[PDB]
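In the deposited numbering, the protein residues as written are 6 to 65, 300 to 454.
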């Protein structure tokens, strides 16, 4: 009832990367039962950003994943109170991102509050250099542990030359009240930047996410 077939969300994020401080605000919308959503982000503070935007796109929406009928939807069940998550991304060249998030449902929209810090990105490195062309598709291996859901992903950024830059992510999702824990399973995500102004202080992305079983 409270989660409709079409839902909007507002997201506010504050971050530091390698010392640079900033802030992002976004309005998005999608189909939570299809796992289609889009967002329009504006950098409200510290714009333009001196690093590749790609390391933020994955920190802007687990409520919009298509679950087969035979997998309980921890995320959807957690509303309207919602859930929190804590993530660590380890980049291959020693880059580290850590993140806090809070998801809730107020007055018919999701509200996302994000807090991140990034550090030890090489200055010659392709993030601070901005040599990235978006993410490949990924498979997050979800699984229950201690009344929470953990996630793990090998993630891969297209490089501008031709290579790939690599990242290990480990997340802990924890609903604000107690909720059916599903079995272990996989989420297939694809994230794309659909458009952006010259200095990327305004950006639009489109995410598609579907859950499936593990063999």
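Think of the CB as a built atom: it goes at the ideal place given N, C-alpha and C, for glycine as much as any other residue.
query, result
"So the candidates are 57, 26, 416 and 44; which of them puts its Cα closest to the Cα of residue 438?", "57"
"Using a 10 Å radius around the Cβ and a threshold of 16 neighbouring Cβ atoms, would you call residue 364 buried or exposed?", "buried"
"Taking C-alpha atoms, which residue in 354, 430, 26 and 47 lies nearest to residue 436?", "47"
"Is it right to say residue 357 is buried, meaning 16 or more other beta carbons lie within 10 angstroms of its own, or is it exposed?", "buried"
"Kindly list the residues whose CB is nearer than 8 angstroms to the CB of residue 45, restricted to its own chain and excluding five residues on each side of it in sequence; keep chain order.", "31, 32, 33, 441, 442 and 443"
"On a CA-only basis, which of 65, 338, 376 and 383 is nearest residue 43? Give me that one, please.", "65"
"If you compare alpha carbons, which of 330, 10, 50 and 329 is closest to residue 26?", "50"
"Quick check on DSSP: helix, strand or coil for residue 313?", "helix"
"From residue 402 to residue 335, what does the alpha carbon distance come to, in whole angstroms?", "20 angstroms"
"Going by DSSP in three states, residue 417 sits in which element: helix, strand or coil?", "coil"
"I'd like the list of long-range same chain contacts for residue 352, defined as Cβ closer than 6 angstroms, with 5 residues on each side in sequence excluded.", "17 and 341"
"What residue from 453, 371 and 7 has the CA that sits closest to residue 345's CA?", "7"
"Can you tell me whether DSSP reads residue 438 as helix, strand or coil?", "coil"
"Quick check: residue 62 and residue 432, are their CB atoms within less than 8 angstroms of each other?", "yes"
"Less than 8 angstroms separating the beta-carbons of residue 419 and residue 313?", "yes"
"So the beta strand (DSSP E) residue 329 belongs to, where does it begin and stop?", "322-330"
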